Every structure is written in structure tokens, then in C-alpha cells.
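Structural overview
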Amino acid sequence: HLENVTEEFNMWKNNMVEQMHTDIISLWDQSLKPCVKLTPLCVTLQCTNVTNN
Amino acid sequence: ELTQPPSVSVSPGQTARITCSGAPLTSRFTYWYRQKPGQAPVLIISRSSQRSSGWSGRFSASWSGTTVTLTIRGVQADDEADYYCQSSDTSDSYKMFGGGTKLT
Ligand SMILES: *[C@@H]1O[C@H](CO)[C@@H](O[C@@H]2O[C@H](CO)[C@@H](O[C@@H]3O[C@H](CO[C@H]4O[C@H](CO)[C@@H](O)[C@H](O[C@H]5O[C@H](CO[C@H]6O[C@H](CO)[C@@H](O)[C@H](O)[C@@H]6O)[C@@H](O)[C@H](O)[C@@H]5O)[C@@H]4O)[C@@H](O)[C@H](O[C@H]4O[C@H](CO)[C@@H](O)[C@H](O)[C@@H]4O)[C@@H]3O)[C@H](O)[C@H]2NC(C)=O)[C@H](O)[C@H]1NC(C)=O
Ligand SMILES: *[C@@H]1O[C@H](CO)[C@@H](O)[C@H](O)[C@H]1NC(C)=O
């Protein structure tokens, strides 16, 4: 606990949220690069509505 | 303005065929019931799931574009009365009634 001190903070100008924003982004891609790619899933799909009687 | 026939007949011990034609046949399903004279009607077929309801042996139903098909059991003996037909409009408001066939 700091006493007698009154340092001026800032939240909308704080750079801790900026490094947080950019850390999670580079972390999301790092956990998806070594996984199954779905490129041969773009083929002409022939669909019909589900069974609703 | 649905349409149910009122006069058809068939031989006993043979499969029959009940229809009911109407454009509001989507969000409506189908009623029928067989009111013996001076009595109260009973469940012709009843919905106990959103999928289907032809589990009991006596009766089954099929669906066409507008006309509905009420197939029935092989034996048509002993059970005879006029079979009405009822359904609901697309706005889920109103229930249409339009007669039904007496079979001998
Ligand atoms: C923002 O909030 C404001 C608050 O004022 C909203 O304004 C009103 O808010 C109330 C809050 O509850 C709303 O809810 C209730 O409205 C009913 C009357 O609704 C009837 O009309 C609406 C369309 O407006 C319709 O959706 C309702 O459907 C009900 O009933 C049908 C009927 O189907 C039955 O019959 C058919 C055959 O025709 C069958 O096929 C079917 O199987 C079934 O048997 C059902 O299908 C629906 O599921 C649904 O139940 C109605 O048709 C009032 O009656 C309610 O309150 C009154 O009674 C209660 C209970 O006693 C009482 O406490 C209260 O004081 C009232 O006397 C209640 O008001 C309003 O609709 C709503 N609109 C108005 C009129 O201002 C505003 O909408 C909100 N905004 C948003 C976007 O949500
Ligand atoms: C299936 O749903 C689509 C949604 O747009 C609709 O256009 C189409 O008519 C529906 N087909 C049937 C027969 O339900």
C-alpha cells in the first residue's frame, strides 16, 4: 500500500490494454496454425431443408 | 376453404383412402375424427412429437403437396362413421372446418 501518493492514472490512454489486445490476437493465430485446414470444403453444396414433417 | 369429401365407400377387409385438400396445409397438420351418430368424436390420430404420429397399427398418414392422405388398416370392418377434417390457418389463428366423408 502506497501512502501520501496521488499518481494520475489513465484508462482510455493506457497501453496495457493495447498490449493485451495485440497479445490475444497473436495468441489465437498461434494456436490455430497447426490444425486441419478446410480448403477442399469449398465445393458446390447441394442442400435441402431439414425434416420438419 | 378446405375441401373434405363427404361420400365415399369401400369393401370391408380392404384398405381405404381419406383425403382433405386445402392451401393452408403447412402450419396446420390434420384432424379427422369419426363421430358415430349422436356420440362424441375421438382421436383419429394424435401428435406426440414434432416428427410423426402414425405409430399405432390401426392407422397411418401420408403427406402430399396439398391433399393429405389418411391411410387406414387392412380390415375396414366394424368401425364405420363419417370422418371429418380440421386444420388451422397460417397465422396460427382460426381453425378451418370443411366436412368429411361418411363411409359404408
Ligand atoms: C416492450 O414492452 C412493452 C410493454 O408495454 C410491450 O408492449 C406490450 O407488452 C406486453 C408485455 O407482456 C405484451 O405481451 C402480452 O400481450 C397480450 C396480447 O397479445 C396478443 O397479441 C399479440 C400481438 O400483439 C400476440 O403475439 C399474442 O399472442 C399470444 O396469444 C396467442 C394466441 O394463440 C392461441 O389461439 C390461437 C388461435 O387464434 C391458437 O392457434 C393457439 O394455439 C393459441 O391457442 C399465442 O399463440 C401466443 O403464444 C401468445 O400467448 C396475443 O394474441 C396481453 O394479453 C398480455 O397481457 C394481458 O394479460 C395479462 C395476463 O392477465 C395481464 O397481466 C396484462 O395486464 C394484460 O391484461 C401482454 O400484454 C404486448 O403484446 C405488448 N404489445 C402492446 C400491445 O403494446 C412491447 O411489445 C415490448 N416490445 C418488445 C419488442 O418486446
Ligand atoms: C427451404 O427454406 C428456404 C429458406 O429461404 C426457402 O426459400 C425454401 O422455399 C424452403 N423449402 C421448403 C420446401 O421448405
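Going by what the PDB entry lists, chain B is known as BG18 Light Chain and is assigned to Homo sapiens. According to its PDB record, this entry is titled "XFEL crystal structure of a natively-glycosylated BG505 SOSIP.664 HIV-1 Envelope Trimer in complex with the broadly-neutralizing antibodies BG18 and 35O22".

The name the PDB entry gives chain A is Envelope glycoprotein gp120, with Human immunodeficiency virus 1 as the organism.

1. A few points about the pattern of salt bridges
All names here are of chain B. Counted under the stated rule, the structure contains one salt bridge over all chains. Of the charged contacts in the structure, one is a salt bridge between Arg 58 and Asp 79, with a shortest N-O distance of 3.6 Å. On the criterion of sequence distance, the pair formed by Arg 58 in the loop between β2 (34–35) and β3 (62–63) and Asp 79 in the loop between β4 (68–70) and β5 (82–83) is long-range, its members being 21 residues apart. Here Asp 79 falls in the partly exposed class, since its relative accessible area comes to 28%.

2. Concerning the sheet that holds β4 of chain B
All names here are of chain B. Spatially, β1-β4-β3 is the arrangement adopted by the three strands of the open sheet, whose pairing is antiparallel. On the outer flanks of this sheet lie β1 (18–20) and β3, each paired with one strand and no other. Pairing of β1 with β4 involves three bridges; the strand directions are antiparallel. By the bridge assignment for β4, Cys 20 is matched with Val 68.

Reading guide: rules and limits
- Residues numbered from 1 in each chain as written, not as in the entry; some residues may be left out.
- Chains lettered and ligands numbered in written order.
- Part of a larger assembly, values for the part shown.
- Heavy atoms only, no water.
- Residues with missing side-chain atoms left out of burial classes, pairs and counts.
- Salt bridge = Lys/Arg side-chain N within 4 Å of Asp/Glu carboxyl O.
- Helix = DSSP H or I, 4+ residues; strand = E, 2+ residues; numbered from the N terminus.
- Buried < 20%, exposed > 50% of the residue type's maximum accessible area, 1.4 Å probe, protein only.
- Pairing = 2+ DSSP bridges.

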